[PDB]
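**Q** Sharing a structure here in structure tokens format.
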Amino acid sequence: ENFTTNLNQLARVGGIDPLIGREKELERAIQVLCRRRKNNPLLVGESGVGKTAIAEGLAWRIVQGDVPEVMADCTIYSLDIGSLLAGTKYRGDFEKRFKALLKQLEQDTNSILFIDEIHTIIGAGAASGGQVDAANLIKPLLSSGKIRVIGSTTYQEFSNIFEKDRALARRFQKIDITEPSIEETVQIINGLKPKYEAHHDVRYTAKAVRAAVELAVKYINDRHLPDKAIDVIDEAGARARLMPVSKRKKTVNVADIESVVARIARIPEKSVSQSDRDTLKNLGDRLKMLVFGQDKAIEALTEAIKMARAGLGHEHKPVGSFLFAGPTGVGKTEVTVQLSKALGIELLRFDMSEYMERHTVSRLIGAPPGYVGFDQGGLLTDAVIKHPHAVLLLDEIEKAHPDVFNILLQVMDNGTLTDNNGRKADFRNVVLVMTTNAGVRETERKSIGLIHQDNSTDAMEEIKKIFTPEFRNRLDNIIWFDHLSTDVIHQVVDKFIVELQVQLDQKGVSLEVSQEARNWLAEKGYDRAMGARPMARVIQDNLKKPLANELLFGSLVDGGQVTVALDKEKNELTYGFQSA
Amino acid sequence: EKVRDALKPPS
Ligand SMILES: Nc1ncnc2c1ncn2[C@@H]1O[C@H](COP(=O)(O)OP(=O)(O)OP(O)(O)=S)[C@@H](O)[C@H]1O
Ligand SMILES: Nc1ncnc2c1ncn2[C@@H]1O[C@H](COP(=O)(O)OP(=O)(O)OP(O)(O)=S)[C@@H](O)[C@H]1O
Ligand SMILES: [Mg+2]
Ligand SMILES: [Mg+2]
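These protein sequence lines are chains B and S, in that order. PDB author numbering runs 169 ahead of the 1-based position in the first sequence. PDB author numbering runs 15 ahead of the 1-based position in the second sequence.
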């Protein structure tokens, strides 16, 4: 009938891809096909392993004749459950169709029914009245054993649906199918290759198949090995096929497959381009013009990035894990924010002051216990999944509950944080930076003595008290931030003034500041303990406040050409406004 | 609690 599909006929015309390997799996199924009791086999394994292909592959082998003589003539049919229910509008239509099919099979005694997703029949034909389920109709024949059927299910299934009804499970013989080894996968791809080569009119290199399996399992962790490798191979041919010329590349070579894996895994590709090569080269100076001082922190951040792109990087850890500690007003956070801008990647920020309670930490990995809503996603895992190449900033990590550290421990050591739903987040390309203010009180503390002692070591001890040895062992570097020097402050003043000029440019105002005035601001605003934040306040009172009055009501409403100069006699600035 | 129902006419 139309519902049934003779797989053997399909193979005869090339409609089923050939099977490679899995001889033990076929032998276990064939041994079960011929056993007196529990004749029905069940193919159970994870998605994308080959369970469906094995059932179709069996028919392919039969037509070829490389099967046991007992199974020399065994027709394998495929049930289309959708077609069974297509016209079952009137009462008894489902039974007539299903019973007509079973009668056909028992008469032959050679025909075998392959039913994919066997768990689906557990509720078919349950409209109303008789409520004759499809499993109920098949159960009598299966118990006797006159009819042989083949099933397929996932590990998710076979526990929640099929195993509920012991009547069906007892008859079926479970078979465990596991993904093949890396070496086995290369053999499989080589066997399927001629069909993919013809479709795309390209020749895959021997090394390319090894790279596809090795690269995909290494970076593509959301799928199983057989389909995962085949996906890369299928896409690689299409990429070459769509070149502007009819066929720019008639064959696929190593380092071409890498491009496909990069798009699928959203990881930076190897063979770095001149555009990104120059960016990494200038990533040490571009940051030094925005963040002054703390050169040791910039080098640690850029070297870890350069290493990963070069190919020398941790196998399972992230690109780099750093802890930024030190006094206030120093560029602990700013350097992280500017890093993401210099690299052109998404910045993931997480103010850890909002994760003090234990339940808050859970939100990162998953929703609350038994959350009624469907949005059971995690905040940390989703962000990393959405942006695998990013800067994972965790400011004020000290405030966060200790549980957060236990989460980062597996991240720094394994690079993957599985979520409640089973999705695996990849941290291999996400920079992990954590800023802490632990021991900041010691930095500003003044000793009881003529000389003010350093107190930096005391602050480090406090840091060690909170961050256990395990956490500090997995950190690539614990960069301490030195206090801002006078020379640095002068550079910082230019930065804030430039920002002021940008705000003024939006109002058609141009500001010129004499060098003498800049030093006056630096001297007045320089505070070693408080860093650079006071400088911003000094700019507000001296520069922004007079300008604000003029901008709102004065010569600078629609004008500009402001000229500031400091008179030495009164050590006070002189604001000159031109109406323009 | 809300579940769809599929009916069948007698003939
Ligand atoms: N010789 C082979 N060995 C292993 N896997 C293969 C082989 N040939 C093809 N495959 C893969 O197996 C796929 C067929 O589907 P399966 O891997 O059996 O999973 P499935 O039955 O679709 O899984 P569900 O939906 O979870 S029941 C093909 O599209 C390939 O990805
Ligand atoms: N090295 C620096 N060069 C230029 N501006 C800086 C520097 N360090 C800090 N700033 C400025 O100071 C302000 C705050 O800098 P951040 O790095 O965000 O401070 P922070 O390290 O988070 O502070 P705490 O007190 O330690 S939480 C911003 O205006 C920054 O631009
Ligand atoms: Mg399948
Ligand atoms: Mg900070």
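Note that beta-carbon positions come from the ideal geometry of N, C-alpha and C, so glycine has one too.
Of all the CB atoms in chain B, is at least one closer than 8 Å to the CB of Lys17 (chain S)?
**A** Locating residue 17 (chain S) in the second sequence gives position 2, where the first residue counts as 1. Chain B contact via Cβ: absent.
**Q** Could you pull out every residue in the same chain whose Cβ sits closer than 8 Å to the Cβ of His570 (chain B), ignoring the five residues on either side in sequence?
**A** Within the first sequence, residue 570 (chain B) is the residue found at index 401, counting from 1. These residues qualify, in order along the chain: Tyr524, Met525, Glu526, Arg527, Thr529 and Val530.
**Q** Can you list, in chain order, the residues of its chain with a C-beta nearer than 6 Å to that of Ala477 (chain B)? Leave out the 5 residues immediately preceding and following it.
**A** One-based indexing of the first sequence puts residue 477 (chain B) at position 308. Excluding sequence neighbours, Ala477 (chain B) sits near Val488.
**Q** Taking beta-carbon pairs under 7 Å, can you tell me which members of the stretch 241 to 266 of chain B lie near chain S?
**A** Cβ contacts with chain S: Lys258, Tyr259 and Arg260.
**Q** Please report the straight-line C-alpha distance between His393 (chain B) and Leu456 (chain B), rounded to a whole angstrom.
**A** Taking the first residue of the first sequence as 1, we reach residue 393 (chain B) at position 224. Taking the first residue of the first sequence as 1, we reach residue 456 (chain B) at position 287. Cα to Cα, the separation comes out at about 41 Å.
**Q** Taking only three categories from DSSP, how would you classify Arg181 (chain B)?
**A** Position 12 of the first sequence holds residue 181 (chain B). Here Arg181 (chain B) sits in helix by DSSP.
**Q** Going by other Cβ atoms of all chains shown within 10 Å of its Cβ, with 16 needed for buried, is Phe493 (chain B) buried or exposed?
**A** The count along the first sequence starts at 1 and reaches residue 493 (chain B) at position 324. Per the 10 Å Cβ criterion, buried.
**Q** Does ligand 3 have even one heavy atom less than 7 Å from the beta-carbon of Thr322 (chain B)?
**A** Here residue 322 (chain B) refers to the residue found at position 153 of the first sequence. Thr322 (chain B) Cβ: outside cutoff for every heavy atom of ligand 3.
**Q** Among B:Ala377, B:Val506, B:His369 and B:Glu225, which has the Cα closest to the Cα of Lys416 (chain B)?
**A** Position 247 of the first sequence, counting from 1, holds the residue named residue 416 (chain B). Of the candidates B:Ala377, B:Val506, B:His369 and B:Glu225, the one whose C-alpha sits nearest the C-alpha of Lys416 (chain B) is B:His369.
**Q** What ranges does the alpha helix (DSSP H) occupy inside the stretch 285 to 341 of chain B, keeping only unbroken runs of at least 4 residues that lie completely in it?
**A** With a minimum length of 4 residues, the continuous alpha helix (DSSP H) runs that stay inside the stretch 285 to 341 of chain B are 303 to 313 and 335 to 340.
**Q** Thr347 (chain B): buried (16+ other C-beta within 10 angstroms of its C-beta) or exposed?
**A** For the purposes of this step, residue 347 (chain B) is identified with residue 178 of the first sequence, where counting begins at 1. Exposed, because fewer than 16 other Cβ atoms sit within 10 Å of the Cβ of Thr347 (chain B).
**Q** Can you tell me the Cα-Cα spacing of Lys343 (chain B) and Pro210 (chain B), whole angstroms?
**A** Position 174 of the first sequence, counting from 1, holds the residue named residue 343 (chain B). Position 41 of the first sequence, counting from 1, holds the residue named residue 210 (chain B). C-alpha separation (whole angstroms): 6 Å.
**Q** Measuring alpha carbon to alpha carbon, tell me which of B:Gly406, B:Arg435 and B:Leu411 ends up nearest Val423 (chain B).
**A** The residue you call residue 423 (chain B) lines up with position 254 of the first sequence. Of the listed residues, the one whose Cα sits closest to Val423 (chain B) is B:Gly406.
**Q** Keeping to the same chain, check which residues put their C-beta closer than 7 Å to that of residue 803 (chain B); ignore five residues upstream and five downstream.
**A** Any question about residue 803 (chain B) goes unanswered here, given that chain B covers just 170 to 749.
**Q** Looking at chain S, which residues of the stretch 284 to 318 of chain B have a Cβ within less than 8 Å of any of its Cβ atoms?
**A** Cβ contacts with chain S come from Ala296, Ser297 and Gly298.
**Q** Out of B:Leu644, B:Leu202, B:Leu188 and B:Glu611, point me to the one whose CA is closest to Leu361 (chain B)'s CA.
**A** For this step, residue 361 (chain B) is matched to residue 192 along the first sequence. Measuring from the Cα of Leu361 (chain B), the nearest candidate turns out to be B:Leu188.
**Q** Only counting the same chain, and skipping five residues up and downstream in sequence, which positions put a Cβ closer than 8 Å to that of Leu254 (chain B)?
**A** Reading the first sequence from its first residue, position 85 is the one you call residue 254 (chain B). So the qualifying residues of the chain are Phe263, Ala293 and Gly294.
**Q** Have a look at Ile284 (chain B) and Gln200 (chain B) and give me their C-alpha separation to the nearest angstrom.
**A** Translated into positions along the first sequence, residue 284 (chain B) becomes position 115. Translated into positions along the first sequence, residue 200 (chain B) becomes position 31. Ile284 (chain B) and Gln200 (chain B): Cα-Cα distance of roughly 19 Å.
**Q** For ligand 3, is there a heavy atom less than 7 Å away from the beta-carbon of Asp285 (chain B)?
**A** One-based indexing of the first sequence puts residue 285 (chain B) at position 116. Within the cutoff, so yes.
**Q** With a threshold of 7 Å, establish whether the CB of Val218 (chain B) neighbours any heavy atom of ligand 1.
**A** The residue labelled residue 218 (chain B) in the question sits at position 49 within the first sequence. Under cutoff, so the answer is yes.
**Q** Under 7 Å from any heavy atom of ligand 3, does the C-beta of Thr221 (chain B) make it?
**A** Sequence index remark: in the first sequence, residue 221 (chain B) carries index 52 (1-based). Correct: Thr221 (chain B) has its Cβ closer than 7 Å to ligand 3.
**Q** Considering only residues of the same chain and omitting the five flanking positions on each side of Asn359 (chain B), which have a CB-CB separation below 7 Å?
**A** One-based indexing of the first sequence puts residue 359 (chain B) at position 190. Closer than 7 Å at the Cβ level, and outside the excluded window around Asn359 (chain B), lie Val378.
**Q** In whole angstroms, what separates the C-alpha of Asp656 (chain B) from that of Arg687 (chain B)?
**A** As a working mapping, residue 656 (chain B) is identified with position 487 in the first sequence. As a working mapping, residue 687 (chain B) is identified with position 518 in the first sequence. Their Cα atoms are separated by approximately 12 Å.
**Q** Would you kindly work out how many angstroms separate the C-alpha atoms of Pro537 (chain B) and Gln276 (chain B), rounded to a whole number?
**A** For this step, residue 537 (chain B) is matched to residue 368 along the first sequence. For this step, residue 276 (chain B) is matched to residue 107 along the first sequence. If you take the alpha carbons of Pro537 (chain B) and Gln276 (chain B), they lie about 56 Å apart.
**Q** Given a threshold of 16 other Cβ atoms within 10 Å of its Cβ, counted over all protein chains shown, does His288 (chain B) qualify as buried or as exposed?
**A** Taking the first residue of the first sequence as 1, we reach residue 288 (chain B) at position 119. When all chains shown are included, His288 (chain B) counts as buried.
**Q** With a cut-off of 8 Å on the beta carbons, I'd call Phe650 (chain B) and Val414 (chain B) a contact; round off their distance for me.
**A** The count along the first sequence starts at 1 and reaches residue 650 (chain B) at position 481. The count along the first sequence starts at 1 and reaches residue 414 (chain B) at position 245. Rounded, the Cβ-Cβ distance is 55 Å, inconsistent with contact.
**Q** Per DSSP, what kind of secondary structure is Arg372 (chain B) in: helix, strand or coil?
**A** Within the first sequence, numbered from 1, the residue matching residue 372 (chain B) stands at position 203. It is a strand residue.
**Q** Over the uninterrupted beta strand (DSSP E) stretch that includes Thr173 (chain B), give me the two end residues.
**A** The residue you call residue 173 (chain B) lines up with position 4 of the first sequence. Looking at the DSSP string, the run of the beta strand (DSSP E) that includes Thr173 (chain B) is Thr173 to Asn175.
**Q** Whether or not the stretch 459 to 470 of chain B and the stretch 497 to 514 of chain B are in contact is what I'm after, with contact meaning three or more pairs of Cβ atoms, one per stretch, closer than 8 Å; do they touch?
**A** Verdict: yes, contact present.
**Q** Suppose the cutoff is 8 Å on Cβ atoms and the five residues either side in sequence are ignored; what does the same chain contact list for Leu310 (chain B) look like?
**A** Reading the first sequence from its first residue, position 141 is the one you call residue 310 (chain B). Same-chain partners within the cutoff: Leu271, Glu275 and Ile316.
**Q** Tell me whether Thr587 (chain B) sits in a helix, a strand or coil according to DSSP, three-state version.
**A** The residue labelled residue 587 (chain B) in the question sits at position 418 within the first sequence. Correct three-state label for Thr587 (chain B): strand.
**Q** Taking Cβ positions, are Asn606 (chain B) and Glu567 (chain B) nearer each other than 8 Å?
**A** Taking the first sequence and counting its residues from 1, the one referred to as residue 606 (chain B) is at position 437. Taking the first sequence and counting its residues from 1, the one referred to as residue 567 (chain B) is at position 398. Taking 8 Å as the Cβ cut-off, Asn606 (chain B) and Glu567 (chain B) qualify as a contacting pair.
**Q** What are the boundary residues of the beta strand (DSSP E) that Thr604 (chain B) is part of?
**A** By 1-based counting over the first sequence, the position of residue 604 (chain B) is 435. First-last of the beta strand (DSSP E) with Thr604 (chain B): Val599 to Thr605.
**Q** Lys568 (chain B): beta carbon under 7 Å from a heavy atom of ligand 4?
**A** As a working note, residue 568 (chain B) is residue 399 in the first sequence. False, no ligand heavy atom lies under 7 Å from that Cβ.
**Q** Relative to the C-alpha of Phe636 (chain B), which residue among B:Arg197, B:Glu404 and B:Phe574 is closest?
**A** Translated into positions along the first sequence, residue 636 (chain B) becomes position 467. Comparing Cα positions, the closest option is B:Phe574.
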